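K.L.:
Quick one, coords_37.cif (mmCIF, C-alpha atoms):
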```
data_data
loop_
_atom_site.label_atom_id
_atom_site.label_comp_id
_atom_site.auth_asym_id
_atom_site.auth_seq_id
_atom_site.Cartn_x
_atom_site.Cartn_y
_atom_site.Cartn_z
CA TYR A 1 16.11 -0.07 9.63
CA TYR A 2 13.51 1.60 11.85
CA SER A 3 13.96 5.30 12.59
CA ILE A 4 13.33 6.77 16.04
CA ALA A 5 11.20 9.90 16.27
CA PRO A 6 13.08 11.86 18.95
CA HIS A 7 10.33 14.29 20.03
CA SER A 8 6.54 14.08 20.02
CA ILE A 9 4.41 16.72 18.32
CA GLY B 1 19.09 1.20 -9.10
CA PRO B 2 17.09 3.15 -8.37
CA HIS B 3 15.55 1.73 -5.18
CA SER B 4 13.58 2.83 -2.14
CA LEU B 5 13.11 1.88 1.50
CA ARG B 6 9.84 2.85 3.19
CA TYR B 7 8.18 2.33 6.55
CA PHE B 8 4.44 2.87 6.95
CA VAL B 9 3.51 3.27 10.61
CA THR B 10 -0.06 3.60 11.90
CA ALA B 11 -1.54 4.18 15.35
CA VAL B 12 -5.29 4.25 16.04
CA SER B 13 -6.67 5.39 19.40
CA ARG B 14 -9.42 3.18 20.86
CA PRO B 15 -10.94 4.88 23.90
CA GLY B 16 -13.12 2.57 25.95
CA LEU B 17 -11.45 -0.46 24.33
CA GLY B 18 -7.83 -0.19 25.49
CA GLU B 19 -4.48 1.07 24.32
CA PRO B 20 -4.01 2.42 20.77
CA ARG B 21 -3.46 -0.04 17.97
CA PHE B 22 0.07 0.24 16.58
CA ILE B 23 1.42 -1.35 13.40
CA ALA B 24 4.53 -0.67 11.32
CA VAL B 25 5.46 -2.28 8.00
CA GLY B 26 8.67 -1.96 6.00
CA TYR B 27 8.97 -2.06 2.21
CA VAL B 28 11.92 -2.34 -0.16
CA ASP B 29 10.49 -0.98 -3.43
CA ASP B 30 7.10 -2.77 -3.64
CA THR B 31 8.23 -5.75 -1.52
CA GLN B 32 7.34 -5.93 2.16
CA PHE B 33 10.03 -7.42 4.39
CA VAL B 34 9.31 -6.56 8.07
CA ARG B 35 6.39 -5.81 10.37
CA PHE B 36 5.53 -4.94 13.97
CA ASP B 37 1.97 -5.58 15.15
CA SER B 38 0.81 -4.53 18.61
CA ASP B 39 -2.20 -6.87 18.28
CA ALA B 40 -0.18 -10.00 17.47
CA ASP B 41 0.17 -12.85 19.96
CA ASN B 42 3.80 -11.85 20.65
CA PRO B 43 4.31 -8.26 19.45
CA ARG B 44 7.80 -8.19 17.97
CA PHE B 45 9.61 -6.96 14.85
CA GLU B 46 9.57 -9.90 12.49
CA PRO B 47 10.52 -10.78 8.95
CA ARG B 48 7.92 -10.87 6.18
CA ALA B 49 10.26 -11.81 3.30
CA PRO B 50 12.29 -15.03 3.03
CA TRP B 51 15.61 -13.21 2.57
CA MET B 52 15.23 -11.59 6.02
CA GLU B 53 15.16 -14.86 7.99
CA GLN B 54 18.99 -14.94 8.06
CA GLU B 55 19.46 -11.90 10.36
CA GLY B 56 20.86 -12.39 13.84
CA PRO B 57 18.79 -11.99 17.00
CA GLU B 58 20.36 -8.59 17.76
CA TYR B 59 18.80 -7.13 14.60
CA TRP B 60 15.30 -8.08 15.74
CA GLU B 61 15.98 -7.09 19.36
CA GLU B 62 17.16 -3.59 18.44
CA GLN B 63 14.37 -3.09 15.88
CA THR B 64 11.77 -4.26 18.41
CA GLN B 65 12.90 -1.78 21.07
CA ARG B 66 12.89 1.03 18.50
CA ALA B 67 9.34 0.03 17.55
CA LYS B 68 8.29 -0.10 21.21
CA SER B 69 9.75 3.37 21.70
CA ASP B 70 7.83 4.68 18.69
CA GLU B 71 4.60 3.13 20.00
CA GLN B 72 4.96 5.32 23.10
CA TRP B 73 5.67 8.28 20.80
CA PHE B 74 2.35 7.67 19.02
CA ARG B 75 0.43 7.39 22.30
CA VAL B 76 1.77 10.79 23.38
CA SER B 77 1.32 12.41 19.96
CA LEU B 78 -2.28 11.18 19.71
CA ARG B 79 -3.07 12.74 23.09
CA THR B 80 -1.23 15.95 22.17
CA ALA B 81 -3.06 16.20 18.84
CA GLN B 82 -6.40 15.70 20.61
CA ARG B 83 -5.47 18.62 22.81
CA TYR B 84 -4.13 20.83 19.99
CA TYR B 85 -7.46 20.58 18.13
CA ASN B 86 -9.56 20.56 21.35
CA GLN B 87 -11.30 17.32 20.38
CA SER B 88 -13.37 15.00 22.55
CA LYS B 89 -11.46 12.31 24.43
CA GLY B 90 -14.02 9.68 23.39
CA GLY B 91 -13.36 9.62 19.64
CA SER B 92 -11.03 7.35 17.70
CA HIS B 93 -8.18 9.08 15.87
CA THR B 94 -5.29 8.10 13.60
CA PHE B 95 -1.65 9.16 13.44
CA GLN B 96 0.70 8.03 10.67
CA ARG B 97 4.43 8.14 9.99
CA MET B 98 5.98 7.60 6.56
CA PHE B 99 9.77 7.68 6.33
CA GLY B 100 12.59 6.24 4.27
CA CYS B 101 15.09 7.01 1.56
CA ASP B 102 15.61 6.70 -2.20
CA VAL B 103 18.87 5.45 -3.68
CA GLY B 104 19.71 5.43 -7.37
CA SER B 105 21.96 3.98 -10.04
CA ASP B 106 25.05 4.39 -7.83
CA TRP B 107 23.18 3.56 -4.59
CA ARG B 108 23.44 6.84 -2.66
CA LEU B 109 20.78 9.15 -1.27
CA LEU B 110 18.45 10.83 -3.76
CA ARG B 111 15.80 11.94 -1.29
CA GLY B 112 14.89 11.36 2.35
CA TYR B 113 11.38 11.32 3.78
CA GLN B 114 10.00 12.13 7.24
CA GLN B 115 6.24 12.59 6.84
CA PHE B 116 3.59 12.78 9.56
CA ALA B 117 -0.20 12.73 9.28
CA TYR B 118 -3.13 13.15 11.66
CA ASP B 119 -6.44 11.43 10.83
CA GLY B 120 -5.34 10.85 7.24
CA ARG B 121 -4.21 14.40 6.40
CA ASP B 122 -0.79 16.03 6.09
CA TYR B 123 0.41 17.31 9.45
CA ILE B 124 4.15 18.00 9.14
CA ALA B 125 6.85 16.85 6.73
CA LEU B 126 10.60 17.28 6.37
CA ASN B 127 11.50 19.22 3.24
CA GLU B 128 13.85 17.78 0.64
CA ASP B 129 16.72 19.94 1.93
CA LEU B 130 16.53 17.72 5.06
CA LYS B 131 16.79 20.92 7.12
CA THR B 132 13.40 22.66 7.17
CA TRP B 133 9.80 21.62 7.83
CA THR B 134 6.49 22.19 6.05
CA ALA B 135 3.54 22.44 8.44
CA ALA B 136 0.01 21.84 7.15
CA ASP B 137 -1.97 23.95 9.66
CA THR B 138 -1.34 26.35 12.53
CA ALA B 139 -1.39 23.53 15.09
CA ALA B 140 1.50 21.92 13.21
CA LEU B 141 3.28 25.29 13.31
CA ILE B 142 3.64 24.71 17.06
CA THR B 143 5.24 21.37 16.33
CA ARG B 144 7.51 22.79 13.72
CA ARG B 145 8.74 25.54 16.05
CA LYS B 146 9.49 23.00 18.72
CA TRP B 147 11.34 20.66 16.39
CA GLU B 148 13.24 23.56 14.81
CA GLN B 149 14.41 24.75 18.23
CA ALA B 150 15.56 21.24 19.17
CA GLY B 151 17.26 20.63 15.81
CA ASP B 152 15.51 17.31 15.15
CA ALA B 153 16.00 17.82 11.41
CA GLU B 154 19.68 17.00 11.98
CA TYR B 155 18.71 13.83 13.85
CA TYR B 156 16.50 12.71 10.96
CA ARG B 157 19.08 13.75 8.34
CA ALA B 158 21.75 11.69 10.11
CA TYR B 159 19.46 8.65 9.92
CA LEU B 160 18.54 9.26 6.28
CA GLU B 161 22.16 9.63 5.16
CA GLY B 162 23.45 6.88 7.47
CA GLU B 163 21.29 4.00 8.66
CA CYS B 164 18.46 4.28 6.11
CA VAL B 165 20.77 4.27 3.09
CA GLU B 166 23.36 1.75 4.28
CA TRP B 167 20.75 -0.79 5.38
CA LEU B 168 18.88 -0.42 2.08
CA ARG B 169 22.04 -1.62 0.31
CA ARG B 170 22.21 -4.55 2.75
CA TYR B 171 18.60 -5.49 2.01
CA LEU B 172 19.25 -5.24 -1.74
CA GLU B 173 22.11 -7.74 -1.36
CA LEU B 174 20.21 -10.18 0.88
CA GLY B 175 17.37 -10.35 -1.63
CA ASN B 176 19.33 -9.81 -4.84
CA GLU B 177 17.73 -12.99 -6.21
CA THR B 178 14.26 -11.40 -6.19
CA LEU B 179 14.43 -7.68 -5.39
CA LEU B 180 16.39 -6.59 -8.49
CA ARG B 181 14.13 -8.37 -11.00
CA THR B 182 11.97 -6.53 -13.53
CA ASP B 183 8.90 -8.46 -14.72
CA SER B 184 7.41 -7.01 -17.89
CA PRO B 185 3.60 -6.89 -18.00
CA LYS B 186 1.79 -9.42 -20.17
CA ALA B 187 -0.91 -7.31 -21.81
CA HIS B 188 -3.90 -7.99 -24.06
CA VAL B 189 -7.33 -6.57 -24.93
CA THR B 190 -10.57 -8.48 -24.31
CA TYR B 191 -14.09 -8.03 -25.68
CA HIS B 192 -17.28 -7.97 -23.61
CA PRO B 193 -20.76 -7.33 -25.07
CA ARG B 194 -22.58 -4.50 -23.34
CA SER B 195 -25.67 -3.36 -25.26
CA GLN B 196 -27.15 -3.33 -28.75
CA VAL B 197 -25.26 -0.09 -29.46
CA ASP B 198 -21.85 -0.46 -27.78
CA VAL B 199 -19.36 -2.92 -26.28
CA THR B 200 -16.69 -2.95 -23.55
CA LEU B 201 -12.99 -3.24 -24.43
CA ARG B 202 -10.91 -4.18 -21.38
CA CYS B 203 -7.11 -3.88 -21.56
CA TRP B 204 -5.27 -6.12 -19.10
CA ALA B 205 -1.78 -5.89 -17.61
CA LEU B 206 -0.60 -8.90 -15.63
CA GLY B 207 2.41 -10.26 -13.79
CA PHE B 208 4.50 -7.08 -13.73
CA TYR B 209 6.96 -5.73 -11.17
CA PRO B 210 7.46 -3.08 -9.88
CA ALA B 211 3.88 -1.88 -9.38
CA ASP B 212 4.25 1.45 -11.21
CA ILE B 213 2.61 1.24 -14.65
CA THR B 214 0.55 3.40 -17.01
CA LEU B 215 -2.51 2.12 -18.89
CA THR B 216 -4.03 4.40 -21.52
CA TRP B 217 -6.74 4.20 -24.18
CA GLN B 218 -6.62 6.40 -27.27
CA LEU B 219 -9.00 6.98 -30.20
CA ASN B 220 -7.00 7.80 -33.35
CA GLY B 221 -4.14 9.55 -31.57
CA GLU B 222 -6.46 11.57 -29.32
CA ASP B 223 -6.56 10.36 -25.72
CA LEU B 224 -9.38 8.91 -23.61
CA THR B 225 -8.25 9.10 -19.99
CA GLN B 226 -11.45 11.04 -19.19
CA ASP B 227 -13.98 8.43 -20.31
CA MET B 228 -12.34 5.22 -19.08
CA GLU B 229 -12.70 3.03 -16.04
CA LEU B 230 -9.29 2.43 -14.50
CA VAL B 231 -9.03 0.26 -11.39
CA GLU B 232 -6.29 0.60 -8.85
CA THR B 233 -3.14 -1.49 -9.35
CA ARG B 234 -3.59 -4.64 -7.29
CA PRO B 235 -1.27 -7.38 -5.99
CA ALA B 236 -1.68 -10.82 -7.50
CA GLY B 237 -0.42 -12.36 -4.25
CA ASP B 238 2.71 -13.98 -5.73
CA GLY B 239 4.87 -10.83 -5.85
CA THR B 240 3.54 -9.36 -9.11
CA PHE B 241 0.79 -6.84 -9.80
CA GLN B 242 -2.24 -6.44 -12.04
CA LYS B 243 -4.28 -3.60 -13.53
CA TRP B 244 -6.86 -3.05 -16.25
CA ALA B 245 -8.54 -0.17 -18.06
CA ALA B 246 -11.85 -0.40 -19.91
CA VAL B 247 -13.74 1.81 -22.36
CA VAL B 248 -17.21 1.66 -23.92
CA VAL B 249 -16.97 1.81 -27.72
CA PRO B 250 -19.65 1.60 -30.43
CA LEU B 251 -20.15 -1.68 -32.25
CA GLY B 252 -17.94 -2.08 -35.31
CA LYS B 253 -15.40 0.59 -34.29
CA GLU B 254 -13.18 -1.42 -31.94
CA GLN B 255 -10.11 -1.16 -34.18
CA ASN B 256 -10.12 2.65 -33.83
CA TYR B 257 -9.21 2.27 -30.13
CA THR B 258 -5.68 1.46 -28.95
CA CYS B 259 -4.36 0.57 -25.49
CA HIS B 260 -0.90 1.78 -24.45
CA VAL B 261 1.18 0.24 -21.66
CA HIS B 262 4.23 1.99 -20.19
CA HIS B 263 6.45 0.08 -17.78
CA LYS B 264 10.10 0.03 -16.70
CA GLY B 265 10.31 -3.52 -18.05
CA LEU B 266 9.02 -2.46 -21.46
CA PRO B 267 11.80 -1.48 -23.92
CA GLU B 268 9.19 0.19 -26.13
CA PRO B 269 5.69 1.04 -24.85
CA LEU B 270 3.18 -1.51 -26.11
CA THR B 271 0.23 -0.41 -28.24
CA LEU B 272 -2.58 -2.96 -28.42
CA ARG B 273 -5.95 -3.40 -30.08
CA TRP B 274 -8.59 -6.03 -29.79
CA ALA C 20 -12.79 13.93 10.14
CA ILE C 21 -12.44 13.07 6.44
CA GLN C 22 -13.62 9.84 4.98
CA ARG C 23 -12.44 7.74 2.08
CA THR C 24 -14.67 5.03 0.64
CA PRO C 25 -12.87 1.73 -0.04
CA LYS C 26 -12.45 0.51 -3.60
CA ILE C 27 -13.11 -3.24 -3.71
CA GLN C 28 -11.70 -5.74 -6.21
CA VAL C 29 -12.40 -9.49 -6.22
CA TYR C 30 -10.20 -11.67 -8.42
CA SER C 31 -7.99 -14.76 -8.50
CA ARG C 32 -4.20 -14.83 -8.30
CA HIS C 33 -3.91 -16.86 -11.51
CA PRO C 34 -6.38 -17.15 -14.41
CA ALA C 35 -9.31 -19.24 -13.20
CA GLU C 36 -9.31 -22.87 -14.37
CA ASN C 37 -11.88 -25.34 -13.02
CA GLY C 38 -10.30 -28.16 -11.02
CA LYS C 39 -6.88 -26.64 -10.28
CA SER C 40 -6.12 -24.93 -6.98
CA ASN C 41 -5.86 -21.13 -6.98
CA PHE C 42 -6.10 -18.15 -4.62
CA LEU C 43 -9.14 -15.89 -4.30
CA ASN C 44 -8.25 -12.26 -3.57
CA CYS C 45 -10.29 -9.34 -2.26
CA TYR C 46 -8.31 -6.10 -2.46
CA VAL C 47 -9.63 -3.10 -0.53
CA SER C 48 -7.76 0.16 -1.05
CA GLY C 49 -8.02 3.91 -0.66
CA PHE C 50 -10.09 3.87 2.53
CA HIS C 51 -10.04 5.85 5.77
CA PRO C 52 -10.33 5.38 8.68
CA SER C 53 -8.61 2.01 9.05
CA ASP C 54 -11.33 -0.05 10.79
CA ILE C 55 -12.85 -2.31 8.14
CA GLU C 56 -14.68 -5.64 7.91
CA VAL C 57 -13.69 -7.96 5.06
CA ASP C 58 -14.98 -11.50 4.54
CA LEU C 59 -14.72 -13.91 1.62
CA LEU C 60 -17.88 -15.84 0.78
CA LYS C 61 -18.37 -19.26 -0.82
CA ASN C 62 -22.02 -19.59 -1.86
CA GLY C 63 -22.91 -16.84 0.60
CA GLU C 64 -21.15 -18.40 3.61
CA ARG C 65 -18.13 -16.91 5.37
CA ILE C 66 -14.84 -18.68 4.65
CA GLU C 67 -12.81 -19.33 7.79
CA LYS C 68 -9.25 -19.90 6.50
CA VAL C 69 -8.74 -16.37 5.19
CA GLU C 70 -5.41 -14.57 5.53
CA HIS C 71 -4.79 -10.85 5.18
CA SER C 72 -1.80 -8.59 4.63
CA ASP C 73 -0.54 -6.23 7.32
CA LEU C 74 -2.17 -2.79 7.35
CA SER C 75 -0.29 -0.39 5.08
CA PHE C 76 -1.16 2.82 3.25
CA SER C 77 -0.38 4.80 0.11
CA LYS C 78 1.27 8.15 -0.60
CA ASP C 79 -2.05 9.92 0.04
CA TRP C 80 -2.26 8.19 3.49
CA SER C 81 -5.22 6.00 2.43
CA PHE C 82 -5.10 2.42 3.67
CA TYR C 83 -5.16 -0.81 1.69
CA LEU C 84 -5.43 -4.50 2.56
CA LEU C 85 -5.44 -7.81 0.68
CA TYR C 86 -7.51 -10.72 1.96
CA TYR C 87 -6.78 -14.06 0.32
CA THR C 88 -7.66 -17.74 0.63
CA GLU C 89 -6.90 -20.96 -1.22
CA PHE C 90 -9.73 -22.37 -3.30
CA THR C 91 -10.36 -24.75 -6.18
CA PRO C 92 -12.90 -23.07 -8.49
CA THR C 93 -15.78 -24.98 -10.06
CA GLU C 94 -18.41 -23.99 -12.61
CA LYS C 95 -21.22 -23.71 -10.03
CA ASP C 96 -19.42 -22.40 -6.92
CA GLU C 97 -20.18 -18.71 -6.39
CA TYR C 98 -17.57 -16.59 -4.62
CA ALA C 99 -17.79 -13.05 -3.29
CA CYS C 100 -16.24 -10.53 -0.92
CA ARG C 101 -18.29 -8.75 1.75
CA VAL C 102 -16.96 -5.38 2.92
CA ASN C 103 -18.34 -3.11 5.63
CA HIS C 104 -16.94 0.30 6.47
CA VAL C 105 -18.15 3.48 8.16
CA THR C 106 -18.47 5.08 4.70
CA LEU C 107 -20.93 2.35 3.60
CA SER C 108 -24.53 2.50 4.81
CA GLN C 109 -24.75 -1.30 4.55
CA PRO C 110 -22.26 -4.09 3.77
CA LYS C 111 -21.22 -4.21 0.11
CA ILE C 112 -21.07 -7.65 -1.52
CA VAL C 113 -18.88 -7.86 -4.63
CA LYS C 114 -19.22 -11.18 -6.46
CA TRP C 115 -16.24 -12.86 -8.08
CA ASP C 116 -16.39 -12.37 -11.87
CA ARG C 117 -13.85 -14.27 -13.89
CA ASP C 118 -13.65 -11.27 -16.19
CA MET C 119 -12.82 -8.59 -13.60
#
```
Spell out the structure here as structure tokens.
P.N.:
Amino acid sequence: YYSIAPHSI
Amino acid sequence: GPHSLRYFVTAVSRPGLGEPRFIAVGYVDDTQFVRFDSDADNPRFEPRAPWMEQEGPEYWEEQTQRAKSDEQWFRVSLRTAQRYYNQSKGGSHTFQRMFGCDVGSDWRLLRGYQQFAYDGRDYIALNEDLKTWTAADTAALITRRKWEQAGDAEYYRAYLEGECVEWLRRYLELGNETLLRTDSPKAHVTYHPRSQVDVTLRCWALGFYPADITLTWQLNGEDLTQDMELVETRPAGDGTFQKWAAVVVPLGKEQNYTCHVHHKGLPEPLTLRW
Amino acid sequence: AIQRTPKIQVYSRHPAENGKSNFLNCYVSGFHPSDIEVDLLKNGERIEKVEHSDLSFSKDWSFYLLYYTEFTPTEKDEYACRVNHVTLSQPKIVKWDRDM
């Protein structure tokens, strides 16, 4: 299941 | 168990050619099962293992939108990284994500992963405590501060303990006919003339799964991992893996060299000679 | 900024027997950046029906790919893999050797 990255670097 | 779920996500900026390339692949142990390719004819999350073709359309729809969201994340992060390091806007750059979870004998979380890389080097990574971050340089310290203030470690930890681990069990049941197997390596030593003074002994390992294996040459107990050629473990293409290790030995002294194979499918490590 | 030279392996899926269909593999691994040219050659000519795995990478972030094609080996047919990468000054041709 793919995981969202909530905030960019 | 144990078992592992991993996603390997890559974005490559292409200035003057168009939007960044974006590709994500999913692995259960050493078996790929899903992919998203921004350069495909119809970019969409799709199965790459036969035991995934029985999922409903809402699985692929939700996974596709998550992948499309992450693609925008990579576009922003690539531009932000370019700015952080004050690099030219005309160069191609790479950003990589590597995340997933390990389950064990009883099928619960051993370790979660949230790793990030810029141009092939460590950038930031979630520590094993699933609470703190390790930044690779001072630019990544900016990122870490920002993610610490927002508490994103709790967002990732909730995924690692929830979705990552529960869906890994579901995958392990859908492909229980193939994923839980353990193929022992078929190993042997071959002989190849080299010169008038020495000869090449090549020790093969074939048809094994999973991919992790150890090949070692020894000369009368003492070990030879300095002097030997050892190629990377390679896929056969049918779901098993191969590897070999070779050593140059003087003529007439082949029987003094032994090859040792360690593998999860091997009750006792094999020791072979020519 | 950093560069990793690809390691190239050419081999068949099953032990080579003349007359029976097989698969010819060219495995490129441990390279960076990801742009790479890989072609399989039959007697020096590019094979068209070549498939390749989806781009993935290892724990050290280095990429790897597997190009493969169906072929029926003979005693005279020469096979090889041609790889070009920014780390290589010119394309590297690795011939298929039944013992490697």
K.L.:
For this structure, which residues satisfy the selection - the PyMOL selection byres ((chain C) within 10 of (chain B)) - when it is evaluated on the file as given? I want them as number ranges by chain.
P.N.:
C: 20-23, 26-28, 30-33, 42-54, 72-87, 118-119
K.L.:
Which residue out of B:31, B:72, B:132, B:54 has the minimum interatomic distance to residue 211 of chain B when all atoms listed in the file are used?
P.N.:
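The answer is B:31, which sits nearest to residue 211 of chain B.
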K.L.:
Near segment 142-147 of chain B, within 12 Å and counting all atoms listed in the file, which residues show up once chain neighbours fewer than 2 positions away are dropped, as number ranges by chain?
P.N.:
A: 5-9; B: 77, 80-81, 84-85, 116, 123-127, 131-140, 149-156
K.L.:
Run the PyMOL selection byres ((chain C and resi 116) around 9) mentally over the shown coordinates, then write out the matched residues as a list in words, using the chain letters and numbers from the document.
P.N.:
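With the shown file as input, the PyMOL selection byres ((chain C and resi 116) around 9) matches residues 29, 30, 98, 99, 113, 114, 115, 117, 118 and 119 of chain C.
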K.L.:
What gap, in Å, lies between atom CA of residue 87 of chain B and atom CA of residue 73 of chain B?
P.N.:
19.2 Å
K.L.:
Tell me which of B:130, B:165, B:215, B:180 sits closest to residue 3 of chain A, counting all atoms listed in the file.
P.N.:
B:165
K.L.:
Which of these residues is nearest to residue 39 of chain C, using only C-alpha atoms: C:92, C:63, C:25, C:110?
P.N.:
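Answer, going by the shortest atom-to-atom distance: C:92.
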K.L.:
What residues come out when you apply the PyMOL selection byres ((chain B and resi 166) around 12) to this file, written as a list in words?
P.N.:
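Applied to this file, the PyMOL selection byres ((chain B and resi 166) around 12) selects residues 1 of chain A; 4, 5, 100, 101, 102, 103, 107, 108, 109, 158, 159, 160, 161, 162, 163, 164, 165, 167, 168, 169, 170, 171, 172 and 173 of chain B.
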K.L.:
Could you tell me how far atom CA of residue 76 of chain B lies from atom CA of residue 105 of chain C, in Å and to one decimal?
P.N.:
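Separation between atom CA of residue 76 of chain B and atom CA of residue 105 of chain C: 26.1 Å.
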K.L.:
Quick one: chain A with N, CA, C and O atoms, as a PDB file, keeping the file's coordinate frame?
P.N.:
```pdb
ATOM      1  N   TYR A   1      15.774  -0.364   8.241  1.00  0.00           N
ATOM      2  CA  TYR A   1      16.110  -0.070   9.630  1.00  0.00           C
ATOM      3  C   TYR A   1      15.172   1.002  10.178  1.00  0.00           C
ATOM      4  O   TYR A   1      15.041   2.081   9.600  1.00  0.00           O
ATOM      5  N   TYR A   2      14.519   0.695  11.297  1.00  0.00           N
ATOM      6  CA  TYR A   2      13.510   1.600  11.850  1.00  0.00           C
ATOM      7  C   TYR A   2      14.161   2.869  12.377  1.00  0.00           C
ATOM      8  O   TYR A   2      15.267   2.844  12.924  1.00  0.00           O
ATOM      9  N   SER A   3      13.457   3.986  12.218  1.00  0.00           N
ATOM     10  CA  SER A   3      13.960   5.300  12.590  1.00  0.00           C
ATOM     11  C   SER A   3      13.199   5.824  13.802  1.00  0.00           C
ATOM     12  O   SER A   3      11.965   5.887  13.791  1.00  0.00           O
ATOM     13  N   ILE A   4      13.944   6.207  14.838  1.00  0.00           N
ATOM     14  CA  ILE A   4      13.330   6.770  16.040  1.00  0.00           C
ATOM     15  C   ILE A   4      12.847   8.182  15.746  1.00  0.00           C
ATOM     16  O   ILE A   4      13.512   8.959  15.044  1.00  0.00           O
ATOM     17  N   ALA A   5      11.673   8.521  16.277  1.00  0.00           N
ATOM     18  CA  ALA A   5      11.200   9.900  16.270  1.00  0.00           C
ATOM     19  C   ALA A   5      11.568  10.527  17.601  1.00  0.00           C
ATOM     20  O   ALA A   5      10.964  10.176  18.628  1.00  0.00           O
ATOM     21  N   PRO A   6      12.536  11.446  17.647  1.00  0.00           N
ATOM     22  CA  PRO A   6      13.080  11.860  18.950  1.00  0.00           C
ATOM     23  C   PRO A   6      12.095  12.628  19.822  1.00  0.00           C
ATOM     24  O   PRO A   6      12.106  12.449  21.046  1.00  0.00           O
ATOM     25  N   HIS A   7      11.249  13.478  19.245  1.00  0.00           N
ATOM     26  CA  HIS A   7      10.330  14.290  20.030  1.00  0.00           C
ATOM     27  C   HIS A   7       8.912  14.174  19.483  1.00  0.00           C
ATOM     28  O   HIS A   7       8.702  14.161  18.266  1.00  0.00           O
ATOM     29  N   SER A   8       7.946  14.091  20.396  1.00  0.00           N
ATOM     30  CA  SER A   8       6.540  14.080  20.020  1.00  0.00           C
ATOM     31  C   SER A   8       6.132  15.441  19.466  1.00  0.00           C
ATOM     32  O   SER A   8       6.878  16.423  19.526  1.00  0.00           O
ATOM     33  N   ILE A   9       4.925  15.491  18.917  1.00  0.00           N
ATOM     34  CA  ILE A   9       4.410  16.720  18.320  1.00  0.00           C
ATOM     35  C   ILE A   9       4.122  17.746  19.413  1.00  0.00           C
ATOM     36  O   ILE A   9       4.030  18.944  19.141  1.00  0.00           O
TER      37      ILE A   9
END
```
